[PDB]
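See below for the structure under consideration.
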Amino acid sequence: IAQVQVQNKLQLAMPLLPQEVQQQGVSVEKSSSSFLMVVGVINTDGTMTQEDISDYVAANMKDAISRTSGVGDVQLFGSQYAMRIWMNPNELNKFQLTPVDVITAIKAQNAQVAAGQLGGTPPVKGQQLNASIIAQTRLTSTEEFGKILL
Amino acid sequence: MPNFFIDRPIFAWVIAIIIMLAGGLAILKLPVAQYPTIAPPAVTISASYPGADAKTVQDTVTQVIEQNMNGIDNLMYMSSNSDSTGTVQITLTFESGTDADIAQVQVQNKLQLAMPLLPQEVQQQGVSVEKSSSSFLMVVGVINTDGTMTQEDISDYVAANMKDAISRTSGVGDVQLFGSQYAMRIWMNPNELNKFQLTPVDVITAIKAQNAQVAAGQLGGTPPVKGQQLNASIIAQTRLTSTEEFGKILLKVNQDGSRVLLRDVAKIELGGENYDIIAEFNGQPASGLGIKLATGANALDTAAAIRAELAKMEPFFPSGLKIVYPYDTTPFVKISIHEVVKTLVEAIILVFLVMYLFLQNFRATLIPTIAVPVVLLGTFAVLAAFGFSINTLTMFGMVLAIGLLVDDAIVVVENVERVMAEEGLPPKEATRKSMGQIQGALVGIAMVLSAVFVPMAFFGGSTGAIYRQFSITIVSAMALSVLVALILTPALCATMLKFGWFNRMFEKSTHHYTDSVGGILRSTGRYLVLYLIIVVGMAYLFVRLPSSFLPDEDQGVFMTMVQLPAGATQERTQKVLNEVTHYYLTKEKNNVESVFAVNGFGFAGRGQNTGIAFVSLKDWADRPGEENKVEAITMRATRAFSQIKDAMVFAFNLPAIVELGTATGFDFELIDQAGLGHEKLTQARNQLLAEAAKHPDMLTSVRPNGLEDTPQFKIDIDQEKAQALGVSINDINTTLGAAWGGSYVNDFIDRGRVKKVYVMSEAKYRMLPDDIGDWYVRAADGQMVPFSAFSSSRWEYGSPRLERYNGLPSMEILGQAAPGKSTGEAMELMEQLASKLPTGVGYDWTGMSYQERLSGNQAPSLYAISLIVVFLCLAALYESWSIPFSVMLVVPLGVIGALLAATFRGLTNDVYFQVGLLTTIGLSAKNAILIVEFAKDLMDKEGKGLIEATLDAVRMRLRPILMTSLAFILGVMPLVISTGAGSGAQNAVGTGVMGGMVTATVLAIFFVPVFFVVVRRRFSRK
Amino acid sequence: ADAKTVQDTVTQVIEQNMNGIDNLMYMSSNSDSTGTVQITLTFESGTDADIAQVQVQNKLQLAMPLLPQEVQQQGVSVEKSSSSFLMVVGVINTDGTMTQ
Amino acid sequence: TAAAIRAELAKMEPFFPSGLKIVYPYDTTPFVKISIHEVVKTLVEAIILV
Amino acid sequence: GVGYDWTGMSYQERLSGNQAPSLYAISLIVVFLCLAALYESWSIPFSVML
Ligand SMILES: CC[C@H]1OC(=O)[C@H](C)[C@@H](O[C@H]2C[C@@](C)(OC)[C@@H](O)[C@H](C)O2)[C@H](C)[C@@H](O[C@@H]2O[C@H](C)C[C@H](N(C)C)[C@H]2O)[C@](C)(O)C[C@@H](C)C(=O)[C@H](C)[C@@H](O)[C@]1(C)O
C-alpha cells in the first residue's frame, strides 16, 4: 500500500516534471536500504571489456533479475550501451552546424513510422490483396548512424 | 457424549435446529456461478498504435513496457504479442493466490512511469490494464430487424443508452461493448486535396484550432475591483457537434477571394471508430455486449436482472432493436443445479425405500430423512463460512459424498434396532449400549476420513483448486455427519423407534454365505492370493487408463474457426463466413438457433483473413437423439466444411472450464538467447518442428501458434532527395501515415457524449501500391511533390505477429503426446529435441506445461502421508502395530470395479473419477473398521475368540453393508450414469462409484474377515 | 469549465468505469462551472478502504486515457476521503505586520 | 529471494558468450544459512548429550 | 421521470429501521432455543418467554 500511495501523489507532479526528467523515467521502490547480495560478472578469456561485460549483463540478465519477485531494487555496476555521438565543435563549425542540427537530423533520420496498410482497414468494392506498408525503421549500427545526412 | 445426549435429547434438537437455521441462511446468501476461481490471476496490458506493424509496435512500445515490468511482486512469467494491426498484448501471470486486485495495481503503476517513453500517438489511444478473466457470464447482442441500421449505428445506440444501464446492474463486474460507437470520420482525397496545394498535415492542423476549446475568466471572481455587482463565466470557443458543422472548416485562403472548406477536400461523415471487425448475426448487422460476473455475485440473480433492465428499454429501442442472447451461461447452471439437488432429494427417497424393505418400521426410516438434510442441507454453512460458492465443483462435491453421510445414518440406527432386536433392552437403554459399540469407530473413521481427503486441496495450482473444492465440501459434510451421528441421530432413534412380504428370506441367506466364510479359514492360501492377483489386475489396469481433467460437455454453444490464407481479405473472409452461416442455418435448423459470426478476429491472430463463428444451439428440448448434440454436430460440421478451397474451417466444442487450460498436451516456448534475429529464430523453430514430426511415436501435432511471415510493402524515403527539394521528412511521413494508417485528430461532442475524430483518406485512393502516386506534399517553394520524386518502393517479408516470452523474443509451440504416451514423456522428448538446436536458442514451458513442471505429481508424496496418518490414526483407535493392517488392505477392492469402468465403459481418469475413487475407499475402509472392531469388540467384551469372533463380527454387521451399498448403487445410478443434459461430469461421478462400489461390497464381505484372520494370528509365533 | 461541457467530458467517463467494484454502496458526483469534478464512491459499512481505494484507482486507469489532455495535465486525484473537518486551526497576526 | 535469483541466473548461463562467468563477490545469505544450521547442530548434539 | 433516494445520515438511518423487525425476531428465536437446551424442556422456555 504505502508504495501505492507515494506513487499516486507522485503521479500528480509527473506532468510538472521537466520533459527530460520524465524521458529518463522516474522510479518508485519499496526496497531495503542495503544490498542483499552482489552478483559478479567476469570474463576469463579476457575476450571482453568492462565496457562489454556491463552492456551484456544489462541487456541480457538485469531485466529479469529485476522482475524477479522480492527484488525491490537492482543496481547495475556499469552501464548498458547507447548509440554514442561524441560531437566535435570545430568539425561542427567548419560545415556551419550546431548540435541542434545534429540532433534534429538523428531525430528524423533514426525513426520507426507506421505507414498503415495496402488492404485498407475499411476497403472498396471487392478487393483481394492486403499487406502492411513499411516506411522507415530504426538505424541499428554505428555504421548506419554514421551515414546520416546532415 | 452420545450417552449424555440420549438422556437430554430435547437439547439435541436445538443443536440440529441451528445447523439447519444456519445451513439455510447460507443457502439463502451463497454465491452461485458455474465454476470458481481456478486460473492464476493474470493482468493483460494492451495498447494500440493506429496502423503500425509488428516491428514498430514491438520496438516502439512492447519492448519499452516490458523493460519496465520490474519491482512487481509474485509474477510467474510474462507473455507478449506485437502484430501488424497496430496492437500489443502483454500478459503478466501471477503466482496462485496472489491477490489480483493488488497485482493489477502494481503492473499498472509500473506502466504509468513508462508512459512518457511511448510515442505520443500510442499515449493518445491509451494503453490499458484489465484483469484477464476470459470467463464470460453471457453475451447479449442488439440486432436490427428491418435493414435500417448498420454495424456502427447499432453499436452507437448500444454504448449510449443501455451500456451504462447494464453496467450499473446488481452484480455485473465488467461490461464490454461489441463494436465501435459513432466517430467523426474525415475521409480525405489526394486529388480533391492536391488541387488546392494542401496535404493532410494542413487538414490535421485545422481540426485542431477549429475544434479545440479554450478558457477565459469570469467577470468578478478572481480579485475584482472595489464594489462589484456582476460575476458570471465567459464562454469562448467550443467543440463542433455535427458532420456539417465539421465540413465547414477554413483549410486555406488563396488570392481569389475564395478559400477551401474541409468538405471540399474530403468526405465528412459520421460513422465508426474502427473498421476491421464485422459482427454479423444470423446474416444481419449485430453489435452485442459481453458481461462478466462480479465476484460474490450470483450467476442467476444478475442473470435475471440483465433480462429485466433489458426490458424497460425495449419500448425506447427504435425500428428493430430486437435483443438476442447468442450466449448465456444461466441455463446450463440452472438445469444442472436443479439436478444435483434432485439427486439428494432422490437418493433420500432411496434410503426411505430401503430401510422399510429391510426394517418393517416407519419411525426407523423417518430418522435418516431427518438426519441427512440436517448434515447436507447444513454443511452449506461451513462452505459459506469459508467463502465458498454454490457451483458445479462444490455441488457435485456433495453428491460424490452423499453415500458417505447416508452410511452414517443407516449404520447407527441399524446397530440400535438390531441390538435391541438381538434380545435386549427398551428404546432408550438399547441406543445406550448399541452406541457404545460404534461410538468409538465413528471417531475412528472421522480422523481416518480427514486423511484420504484433506491431502487433496494441497495439490498443484490451476487444478489444485479444482480439487480443493471437492476436498473441503466432503471433509465438511463428512465431519458434520459424524457429529449429528454422535449428537442428533443417536438421541433420536432412542425416542422414535418401536414391508412384511420378505424378512425371513434374508435370515436364510446370511447362513448361506457365512458357509464358506466359516470355511476356508483352516488354511488361507487361495484367498490370500487372488487378492495378490487383484492387486495386480488393478496395477495393470491403473496404468492402461488414460488421464484427463473435467470432460468436454454439451454447453449451449460451440465454435467454428475460419482461417483464410496469407494475404486474404475480410470480404474474402465474409463469403466463407457466409457458407458457415448457411450450412448451419438451412441444413441444421433442428439444432442450430443462431450464428454470431465475427470476422476480423480469430485464434492464432487478429487478422483480416480470419474469423470465428459462435453458433448457439436450440434449447436441449429440441435436441433429442444423441446425434442432435454437440460431439455429433461438430463431426457433421468439421467434415462438411473440409471442402472449402483455401480456408481451414474447423469446428470444435468449448472445453470444460472456458478460462482454464486444455487438452493434456504441452505449451512450449522457443526463446531467443543471443541477438539472433527473427529470421534466425524462425529456422531454429523449423528445425525442431521438422525434427519433431520425424518422431510420430510421441508427437501428433507439434506446431507454431503464431503466424508465418508474409510479404509487405516497404517504402524507402530517399533522404538526400527529400532535402534537395523543399520536402520535410515530417510532412512526408505524416501523409503516407495519415492517408493509409488513419489518425485520431482530437475529440468532439456529439449528442452529449465525447467521441473521437479520425481523419484518413477514402479507401478509393488507398488500395494498391500503384495507388501511392496520388499523394502529394507541399514544399519549401509551395509546390506539390509526388512520392515518386523522393521515395523508392520494394516488396519484402516481415512477420505480422512477433512474439516474446519473458521480455525475450519467443515463438510458441503447441503439441500433444500422440495417441499413446504420457503428457510427461512428450515434454521429456521435446526437451531433448531442443538440446541440438543452434547455439543461442532456448526453451521454456508455460501455461499447462508450467503447472505440470512446478507441481510434480504430489499424489504419491501426499497420499504417502495420508496412508501413514491412516495406519497411525487407525492403530491407536485399536491398540496395535498390527490390527490396523487388516483395515488398510481394503483399499484395492474398491480401486477395482471403479477401475473396471475402464472395461464396460469407455471413459478416462477424470478429476471426478479421481475423487469418486475416494468416496469408495471411504466406505470400504469404514466397513473394514466396523467389522474389524466387532471382531476385537466381542473378542474382549463377551470375551469370545479366534475364528468365532471373526464370524460373530461379519454376522451382526453384514446387513448394514447391504442396506447402504444398495441405497447407493440406486441413488448413484440414475441419470448419473446414462444422461444427456450436462452429462460428462454426471457419468464421471457415477461409473466412478457405482461399479467399484460393487466390488467394494459384493467382494468385501467374503474378504475383510480374511483380513482380520491372516492378521492378528501372524503376530503370535513360537 | 463550461459546466455541462465538463460533465459528460470527464464525469460521464469516470462514472462509466466505476462499474462493479466490491462493496460499492452509493456513488455521487458533480461537475462544476470552474471545471471541477468530485466523483465520490461510498462503500459498504465495514468494507476495507485501502482496497476500495485501489479498485477505484484501477478503473480510473481505464477511464484516464479517454479524457481531455488538459484534464490529464491536471491530476485526477483518487483517494480515501471523509466529509467533515476534525478541526480548523486558524492563524492570525497580532500587531498588523502581516495582511490577510 | 536468493533461491530464485540463483535460478534466474542458472536459467541464463548456457547462453553467455566466450568466457563469461558469474562470480559471487558478496552475499549475506550464506552466513545466514550456516548460522541457523550450526545453531541447529546445537539442538541434535545437545540432545544426544542428554 | 422523477425518482428519489436517501444518502448519508438518511441511508444509514433508514437501513437501521428496515432492519429492526429482523433483529428482534431472530434474537427472540435465539433466546427460545437457548432455554430449550438448558431447562430440559421443549415448552417451559415457551413459558419463560411469556
Ligand atoms: C552498510 C552498508 C550500507 O550502508 C547502510 O546500510 C546504512 C546503514 C544506511 O542507513 C540505514 C540505517 C538508517 C537508520 O539510516 C541512518 C536508515 O534510515 C536507513 C534506511 O538504513 C544508509 C545510510 C542509507 O542512507 C540513508 O537513506 C535514508 C533513506 C535517508 C538517510 N538520510 C540522507 C537522512 C540516509 O543516510 C542507504 C539507503 O542505505 C544508503 C544507500 C546509498 C545505499 O544503498 C548504500 C549503498 C548502503 O546499502 C550501504 C552503504 O551499502
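Labels for the C-alpha cells follow display order: chains A, B, ..., residues from 1 in each chain, ligands from 1.
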
Identify every residue of chain B that has at least one atom within 8 Å of any atom of chain D, counting only C-alpha atoms, and report the result as a PyMOL selection string.
chain B and resi 673-674+839-841

N, CA and C atoms of the current selection, written as a PDB file, in the first residue's frame:
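As written to disk, again28.pdb reads:
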ATOM      1  N   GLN B 673      18.117 -16.368 -27.228  1.00  0.00           N
ATOM      2  CA  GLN B 673      19.022 -16.007 -26.125  1.00  0.00           C
ATOM      3  C   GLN B 673      20.348 -15.280 -26.471  1.00  0.00           C
ATOM      4  N   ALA B 674      20.590 -15.047 -27.757  1.00  0.00           N
ATOM      5  CA  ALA B 674      21.607 -14.098 -28.230  1.00  0.00           C
ATOM      6  C   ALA B 674      20.911 -13.172 -29.247  1.00  0.00           C
ATOM      7  N   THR B 839      23.416 -22.733 -31.431  1.00  0.00           N
ATOM      8  CA  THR B 839      23.783 -22.037 -30.174  1.00  0.00           C
ATOM      9  C   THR B 839      23.165 -20.648 -30.059  1.00  0.00           C
ATOM     10  N   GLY B 840      22.535 -20.426 -28.908  1.00  0.00           N
ATOM     11  CA  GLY B 840      21.867 -19.172 -28.602  1.00  0.00           C
ATOM     12  C   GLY B 840      20.358 -19.271 -28.689  1.00  0.00           C
ATOM     13  N   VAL B 841      19.814 -20.487 -28.569  1.00  0.00           N
ATOM     14  CA  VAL B 841      18.362 -20.681 -28.620  1.00  0.00           C
ATOM     15  C   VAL B 841      17.865 -21.501 -27.449  1.00  0.00           C
TER      16      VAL B 841
END

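Within 12 Å of residue 147 of chain A, once only C-alpha atoms are used and residues closer than 4 positions along the same chain are dropped, the contacting residues are residues 105, 106, 109, 110, 139, 140, 141, 142 and 143 of chain A; 719 and 720 of chain B.
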
Take the residues from that selection and put them in a file with C-alpha atoms, as an mmCIF file, in the first residue's frame.
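What landed in part-v7.cif:
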data_model
loop_
_atom_site.group_PDB
_atom_site.id
_atom_site.type_symbol
_atom_site.label_atom_id
_atom_site.label_comp_id
_atom_site.auth_asym_id
_atom_site.auth_seq_id
_atom_site.Cartn_x
_atom_site.Cartn_y
_atom_site.Cartn_z
ATOM 1 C CA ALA A 105 18.915 15.009 -38.014
ATOM 2 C CA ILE A 106 19.338 11.987 -35.589
ATOM 3 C CA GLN A 109 16.702 10.037 -39.635
ATOM 4 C CA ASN A 110 16.509 7.462 -36.817
ATOM 5 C CA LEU A 139 19.066 2.510 -37.666
ATOM 6 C CA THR A 140 20.827 -0.226 -35.786
ATOM 7 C CA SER A 141 24.589 0.170 -36.096
ATOM 8 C CA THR A 142 27.407 2.635 -35.604
ATOM 9 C CA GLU A 143 27.774 2.239 -39.392
ATOM 10 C CA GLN B 719 16.952 11.276 -47.639
ATOM 11 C CA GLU B 720 19.314 13.226 -49.906
#

Determine, for each residue of chain D having at least one atom at most 9 Å from an atom of chain A, the closest pair of atoms and their separation in Å to one decimal, counting only C-alpha atoms; order by chain and ascending number, as a tab-separated table.
residue	atom	partner	partner_atom	distance
D:1	CA	A:70	CA	5.6
D:2	CA	A:37	CA	8.3
D:4	CA	A:68	CA	7.5
D:5	CA	A:65	CA	6.2
D:8	CA	A:65	CA	6.6
D:9	CA	A:61	CA	7.4
D:12	CA	A:61	CA	7.4
D:16	CA	A:56	CA	8.7
D:18	CA	A:45	CA	6.7
D:19	CA	A:45	CA	4.9
D:20	CA	A:43	CA	4.5
D:21	CA	A:42	CA	5.1
D:22	CA	A:41	CA	4.8
D:23	CA	A:40	CA	4.6
D:24	CA	A:40	CA	5.5
D:25	CA	A:40	CA	5.9
D:26	CA	A:38	CA	5.1
D:27	CA	A:37	CA	4.1
D:28	CA	A:37	CA	6.0
D:29	CA	A:37	CA	7.5

May I have all residues of segment 309-444 of chain B that DSSP, computed from the backbone, assigns to helix (DSSP H, G or I), given as a PyMOL selection string?
chain B and resi 309-310+313-316+330-337+341-356+368-370+372-385+392-399+402-414+428-444

Hey, can you spit out that residue selection with C-alpha atoms as a short mmCIF file (atom, residue, chain, number, x, y, z; two decimals), in the first residue's frame?
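Result file is selection33.cif:
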data_model
loop_
_atom_site.label_atom_id
_atom_site.label_comp_id
_atom_site.auth_asym_id
_atom_site.auth_seq_id
_atom_site.Cartn_x
_atom_site.Cartn_y
_atom_site.Cartn_z
CA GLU B 309 -33.06 -3.96 -17.37
CA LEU B 310 -33.11 -5.23 -20.95
CA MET B 313 -35.58 -0.11 -22.86
CA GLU B 314 -37.40 -2.28 -25.44
CA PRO B 315 -40.03 0.50 -25.74
CA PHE B 316 -37.22 3.03 -26.36
CA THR B 330 -27.55 -19.15 -16.95
CA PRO B 331 -29.46 -22.09 -18.44
CA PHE B 332 -26.59 -24.58 -18.15
CA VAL B 333 -26.03 -23.70 -14.48
CA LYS B 334 -29.73 -23.88 -13.51
CA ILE B 335 -30.66 -27.27 -15.08
CA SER B 336 -27.51 -28.75 -13.63
CA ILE B 337 -28.14 -27.43 -10.11
CA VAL B 341 -30.23 -31.10 -5.54
CA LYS B 342 -32.52 -33.58 -7.36
CA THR B 343 -30.07 -36.41 -6.77
CA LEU B 344 -30.04 -35.77 -2.99
CA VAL B 345 -33.87 -35.41 -2.78
CA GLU B 346 -34.00 -38.75 -4.63
CA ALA B 347 -31.12 -40.65 -3.04
CA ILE B 348 -33.10 -39.65 0.09
CA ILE B 349 -36.21 -41.49 -1.19
CA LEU B 350 -33.87 -44.41 -1.89
CA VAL B 351 -32.86 -44.52 1.81
CA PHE B 352 -36.54 -44.46 2.74
CA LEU B 353 -37.28 -47.07 0.03
CA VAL B 354 -34.60 -49.33 1.51
CA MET B 355 -34.85 -49.09 5.34
CA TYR B 356 -38.57 -50.10 5.08
CA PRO B 368 -32.32 -40.55 8.24
CA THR B 369 -34.93 -38.50 6.36
CA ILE B 370 -34.48 -36.07 9.29
CA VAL B 372 -29.32 -36.29 6.10
CA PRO B 373 -30.96 -32.96 5.18
CA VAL B 374 -29.59 -31.82 8.52
CA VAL B 375 -25.87 -32.53 7.72
CA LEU B 376 -26.12 -31.97 3.93
CA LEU B 377 -28.61 -29.02 3.85
CA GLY B 378 -26.46 -27.56 6.61
CA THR B 379 -22.86 -28.36 5.75
CA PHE B 380 -23.63 -25.47 3.36
CA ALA B 381 -22.97 -23.24 6.38
CA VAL B 382 -19.34 -24.39 6.56
CA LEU B 383 -18.99 -23.79 2.82
CA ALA B 384 -20.48 -20.30 3.02
CA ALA B 385 -18.42 -19.62 6.15
CA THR B 392 -20.66 -27.25 -10.39
CA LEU B 393 -17.49 -28.26 -8.46
CA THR B 394 -18.75 -27.78 -4.91
CA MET B 395 -22.22 -29.13 -5.84
CA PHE B 396 -21.08 -32.50 -7.04
CA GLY B 397 -18.62 -32.20 -4.19
CA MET B 398 -21.59 -33.32 -2.07
CA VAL B 399 -23.35 -35.77 -4.45
CA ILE B 402 -23.89 -38.35 -0.15
CA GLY B 403 -23.23 -42.08 0.19
CA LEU B 404 -20.69 -41.44 2.93
CA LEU B 405 -23.19 -39.39 5.00
CA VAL B 406 -26.05 -41.80 4.32
CA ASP B 407 -24.00 -44.72 5.59
CA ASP B 408 -23.63 -42.63 8.73
CA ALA B 409 -27.39 -42.56 9.36
CA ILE B 410 -28.18 -46.18 8.38
CA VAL B 411 -25.15 -47.64 10.27
CA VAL B 412 -26.14 -46.09 13.64
CA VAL B 413 -29.92 -46.76 13.62
CA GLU B 414 -29.11 -50.25 12.46
CA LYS B 428 -33.51 -45.51 25.38
CA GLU B 429 -31.44 -48.24 27.04
CA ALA B 430 -30.66 -50.06 23.74
CA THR B 431 -29.30 -46.96 21.97
CA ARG B 432 -27.15 -46.52 25.11
CA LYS B 433 -25.43 -49.92 24.81
CA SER B 434 -25.64 -50.04 20.98
CA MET B 435 -23.94 -46.68 20.58
CA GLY B 436 -21.13 -47.75 22.95
CA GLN B 437 -20.13 -50.36 20.29
CA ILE B 438 -19.94 -47.87 17.36
CA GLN B 439 -19.26 -44.69 19.42
CA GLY B 440 -15.51 -45.27 19.01
CA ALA B 441 -15.26 -46.40 15.36
CA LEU B 442 -17.11 -43.28 14.17
CA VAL B 443 -14.47 -41.08 15.79
CA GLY B 444 -12.08 -43.57 14.19
#

Could you tell me, counting only C-alpha atoms and all ligand atoms, which protein and nucleic acid residues lie no more than 10 Å from ligand 1, written as a list in words?
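So the residues close to ligand 1 are residues 31, 32, 33, 34, 35, 36, 73 and 75 of chain A.
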
With only C-alpha atoms as the basis for distance, which of B:792, B:503, B:329, B:523 is at the shortest distance from chain A?
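When distances to chain A are compared using only C-alpha atoms, the smallest one comes from B:792.
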
Hey, what's within 8 Å of segment 31-47 of chain E if we count only C-alpha atoms and toss same-chain stuff fewer than 6 positions away? As a PyMOL selection string, please?
chain B and resi 8+10-12+14

Any chance you could export the current selection's C-alpha atoms as a PDB file, in the first residue's frame?
ATOM      1  CA  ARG B   8     -31.016 -34.971  27.148  1.00  0.00           C
ATOM      2  CA  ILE B  10     -34.590 -32.198  23.967  1.00  0.00           C
ATOM      3  CA  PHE B  11     -31.304 -30.211  23.571  1.00  0.00           C
ATOM      4  CA  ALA B  12     -30.040 -32.353  20.663  1.00  0.00           C
ATOM      5  CA  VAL B  14     -31.696 -27.334  19.391  1.00  0.00           C
TER       6      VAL B  14
END

According to DSSP computed on the backbone, where in chain D is there strand (DSSP E or B)? Give the residues as a JSON list (two decimals) with C-alpha atoms, in the first residue's frame.
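That gives us part-v9.json:
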[["chain", "number", "residue", "atom", "x", "y", "z"],
["D", 20, "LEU", "CA", 31.72, -15.04, -19.23],
["D", 21, "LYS", "CA", 31.41, -16.28, -15.67],
["D", 22, "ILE", "CA", 29.16, -15.46, -12.74],
["D", 23, "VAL", "CA", 31.19, -14.79, -9.57],
["D", 24, "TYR", "CA", 29.90, -14.15, -6.07],
["D", 25, "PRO", "CA", 31.82, -11.11, -4.66],
["D", 26, "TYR", "CA", 29.42, -10.53, -1.81],
["D", 27, "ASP", "CA", 26.44, -12.30, -0.27]]

Quick one: residues within 7 Å of residue 124 of chain A, only C-alpha atoms counted, chain neighbours fewer than 2 positions away excluded, as a VMD selection string?
(chain A and resid 126 to 127) or (chain B and resid 763 to 764)

Restricted to N, CA, C and O atoms, what would the selected residues look like written as a tab-separated table (two decimals), in the first residue's frame?
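So the final result, stored in out04.tsv, reads:
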chain	number	residue	atom	x	y	z
A	126	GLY	N	-14.61	-4.73	-54.02
A	126	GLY	CA	-14.25	-6.09	-53.66
A	126	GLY	C	-12.79	-6.24	-53.98
A	126	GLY	O	-12.40	-6.16	-55.15
A	127	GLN	N	-11.97	-6.42	-52.96
A	127	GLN	CA	-10.55	-6.47	-53.21
A	127	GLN	C	-9.87	-7.59	-52.44
A	127	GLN	O	-10.03	-7.70	-51.24
B	763	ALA	N	-11.12	4.99	-49.05
B	763	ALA	CA	-10.49	3.71	-49.36
B	763	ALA	C	-10.19	3.61	-50.86
B	763	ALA	O	-9.41	2.76	-51.27
B	764	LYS	N	-10.82	4.49	-51.64
B	764	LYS	CA	-10.64	4.58	-53.10
B	764	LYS	C	-9.19	4.89	-53.49
B	764	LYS	O	-8.67	4.35	-54.46

Excluding residue 38 of chain C and residues on its chain fewer than 2 positions from it, collect all residues at most 10 Å away from it, counting only C-alpha atoms, and give them as a short mmCIF file (atom, residue, chain, number, x, y, z; two decimals) with N, CA, C and O atoms, in the first residue's frame.
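See part.cif below for the written result:
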data_model
loop_
_atom_site.label_atom_id
_atom_site.label_comp_id
_atom_site.auth_asym_id
_atom_site.auth_seq_id
_atom_site.Cartn_x
_atom_site.Cartn_y
_atom_site.Cartn_z
N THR C 11 -16.85 13.54 -16.30
CA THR C 11 -17.62 12.75 -15.31
C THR C 11 -18.33 11.51 -15.88
O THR C 11 -18.27 10.43 -15.30
N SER C 28 -21.80 9.36 -5.85
CA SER C 28 -22.47 10.61 -6.15
C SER C 28 -21.47 11.59 -6.69
O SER C 28 -20.33 11.65 -6.21
N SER C 29 -21.89 12.37 -7.68
CA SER C 29 -20.95 13.27 -8.32
C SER C 29 -21.50 14.63 -8.76
O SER C 29 -22.70 14.85 -8.83
N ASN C 30 -20.56 15.53 -9.04
CA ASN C 30 -20.85 16.85 -9.54
C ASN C 30 -19.76 17.46 -10.42
O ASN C 30 -18.58 17.55 -10.02
N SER C 31 -20.17 17.88 -11.60
CA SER C 31 -19.42 18.83 -12.37
C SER C 31 -19.35 20.14 -11.59
O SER C 31 -19.77 20.22 -10.44
N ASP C 32 -18.84 21.18 -12.24
CA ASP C 32 -18.79 22.50 -11.66
C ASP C 32 -19.15 23.48 -12.75
O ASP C 32 -20.13 23.29 -13.45
N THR C 36 -14.39 21.34 -12.59
CA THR C 36 -14.02 20.70 -11.34
C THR C 36 -14.92 19.51 -11.13
O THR C 36 -16.14 19.61 -11.28
N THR C 40 -17.56 10.76 -5.94
CA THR C 40 -17.37 10.00 -4.68
C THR C 40 -17.98 8.60 -4.67
O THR C 40 -19.13 8.41 -5.07
N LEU C 41 -17.16 7.63 -4.24
CA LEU C 41 -17.58 6.26 -4.07
C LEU C 41 -17.63 5.94 -2.58
O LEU C 41 -16.63 6.07 -1.88
N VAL C 76 -6.56 14.42 -11.84
CA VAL C 76 -7.48 13.35 -11.48
C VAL C 76 -6.92 12.64 -10.24
O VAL C 76 -6.06 11.77 -10.34
N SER C 77 -7.40 13.06 -9.07
CA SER C 77 -6.91 12.55 -7.81
C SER C 77 -7.87 11.51 -7.23
O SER C 77 -9.06 11.76 -7.07
N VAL C 78 -7.32 10.33 -6.93
CA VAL C 78 -8.09 9.26 -6.30
C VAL C 78 -7.55 9.06 -4.91
O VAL C 78 -6.37 8.74 -4.75
#

Within 9 Å of chain C, which residues of chain B show up? Give each one with its shortest atom-to-atom distance in Å (one decimal) and the two atoms involved, counting only C-alpha atoms, rows by chain then rising residue number, as JSON lines.
{"residue": "B:101", "atom": "CA", "partner": "C:55", "partner_atom": "CA", "distance": 6.9}
{"residue": "B:102", "atom": "CA", "partner": "C:54", "partner_atom": "CA", "distance": 7.4}
{"residue": "B:104", "atom": "CA", "partner": "C:58", "partner_atom": "CA", "distance": 7.3}
{"residue": "B:105", "atom": "CA", "partner": "C:58", "partner_atom": "CA", "distance": 6.4}
{"residue": "B:108", "atom": "CA", "partner": "C:61", "partner_atom": "CA", "distance": 7.7}
{"residue": "B:123", "atom": "CA", "partner": "C:65", "partner_atom": "CA", "distance": 7.7}
{"residue": "B:124", "atom": "CA", "partner": "C:65", "partner_atom": "CA", "distance": 6.7}
{"residue": "B:125", "atom": "CA", "partner": "C:65", "partner_atom": "CA", "distance": 6.8}
{"residue": "B:126", "atom": "CA", "partner": "C:65", "partner_atom": "CA", "distance": 4.8}
{"residue": "B:127", "atom": "CA", "partner": "C:65", "partner_atom": "CA", "distance": 7.5}
{"residue": "B:128", "atom": "CA", "partner": "C:62", "partner_atom": "CA", "distance": 5.9}
{"residue": "B:129", "atom": "CA", "partner": "C:62", "partner_atom": "CA", "distance": 7.2}
{"residue": "B:130", "atom": "CA", "partner": "C:62", "partner_atom": "CA", "distance": 8.0}
{"residue": "B:163", "atom": "CA", "partner": "C:16", "partner_atom": "CA", "distance": 8.8}
{"residue": "B:164", "atom": "CA", "partner": "C:16", "partner_atom": "CA", "distance": 6.2}
{"residue": "B:167", "atom": "CA", "partner": "C:19", "partner_atom": "CA", "distance": 5.7}
{"residue": "B:168", "atom": "CA", "partner": "C:19", "partner_atom": "CA", "distance": 6.0}
{"residue": "B:169", "atom": "CA", "partner": "C:20", "partner_atom": "CA", "distance": 8.5}
{"residue": "B:170", "atom": "CA", "partner": "C:20", "partner_atom": "CA", "distance": 8.6}
{"residue": "B:171", "atom": "CA", "partner": "C:20", "partner_atom": "CA", "distance": 7.1}
{"residue": "B:172", "atom": "CA", "partner": "C:20", "partner_atom": "CA", "distance": 5.9}
{"residue": "B:173", "atom": "CA", "partner": "C:20", "partner_atom": "CA", "distance": 4.2}
{"residue": "B:174", "atom": "CA", "partner": "C:20", "partner_atom": "CA", "distance": 6.4}
{"residue": "B:175", "atom": "CA", "partner": "C:19", "partner_atom": "CA", "distance": 8.1}
{"residue": "B:215", "atom": "CA", "partner": "C:1", "partner_atom": "CA", "distance": 7.7}
{"residue": "B:218", "atom": "CA", "partner": "C:34", "partner_atom": "CA", "distance": 8.9}
{"residue": "B:233", "atom": "CA", "partner": "C:33", "partner_atom": "CA", "distance": 7.8}
{"residue": "B:234", "atom": "CA", "partner": "C:2", "partner_atom": "CA", "distance": 8.4}
{"residue": "B:235", "atom": "CA", "partner": "C:2", "partner_atom": "CA", "distance": 6.7}
{"residue": "B:238", "atom": "CA", "partner": "C:5", "partner_atom": "CA", "distance": 8.8}
{"residue": "B:294", "atom": "CA", "partner": "C:20", "partner_atom": "CA", "distance": 6.4}
{"residue": "B:295", "atom": "CA", "partner": "C:22", "partner_atom": "CA", "distance": 7.3}
{"residue": "B:296", "atom": "CA", "partner": "C:22", "partner_atom": "CA", "distance": 8.3}
{"residue": "B:747", "atom": "CA", "partner": "C:68", "partner_atom": "CA", "distance": 8.3}
{"residue": "B:749", "atom": "CA", "partner": "C:9", "partner_atom": "CA", "distance": 8.0}
{"residue": "B:752", "atom": "CA", "partner": "C:8", "partner_atom": "CA", "distance": 6.4}
{"residue": "B:753", "atom": "CA", "partner": "C:8", "partner_atom": "CA", "distance": 5.8}
{"residue": "B:754", "atom": "CA", "partner": "C:9", "partner_atom": "CA", "distance": 5.9}
